[PDB]
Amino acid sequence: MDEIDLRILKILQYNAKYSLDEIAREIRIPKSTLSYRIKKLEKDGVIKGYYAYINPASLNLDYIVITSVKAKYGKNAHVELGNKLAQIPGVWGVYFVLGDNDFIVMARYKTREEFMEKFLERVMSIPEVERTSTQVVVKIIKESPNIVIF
């Protein structure tokens, strides 16, 4: 990658539905070259894909939660618990962090009941789980994971 690729990516991360023309003109380079670089970035895995950004409100996902999960210590209980958490419906993010030395899970649901049935009830039955602490998101001030180039 070079400065050029950065400028292309900075644009694609915001709006991928621009035209080579539009982008070529903005970056000041040959359209065929731009098209080449983009194809390259994809082949190399810099660009992994293109997604439709959907507003969760539209889907009535009003019950947003962030849950911390403490794994019971023991052989591979941490690796196992991670993947189990990742496959739960509504869960879009799973991270193992240092400090609390546990898992942080980001999930979304339409309602409390949906949350209870699909997430909570299920997590409280998993073996490797010691404790969980759920924080109800009452306000999303910002959520733009797509912006990786500031």
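In case it trips you up, residue 1 is the first one in the sequence shown, and so on.
- With 29-37 and 92-100 compared on mean CA B-factor from the PDB entry, the stretch scoring higher is 29-37.
- Two stretches are in play, 62-70 and 47-55, and the higher mean C-alpha B-factor belongs to 47-55.
- Among all modelled residues in this chain, the alpha-carbon of residue 139 has a temperature factor (C-alpha) in the lowest third.
- In this PDB entry, residue 4 carries a Cα temperature factor that places it within the highest third of its chain's modelled residues.
- Annotation for residue 120: CA B-factor lies in the middle third of the chain's modelled residues.
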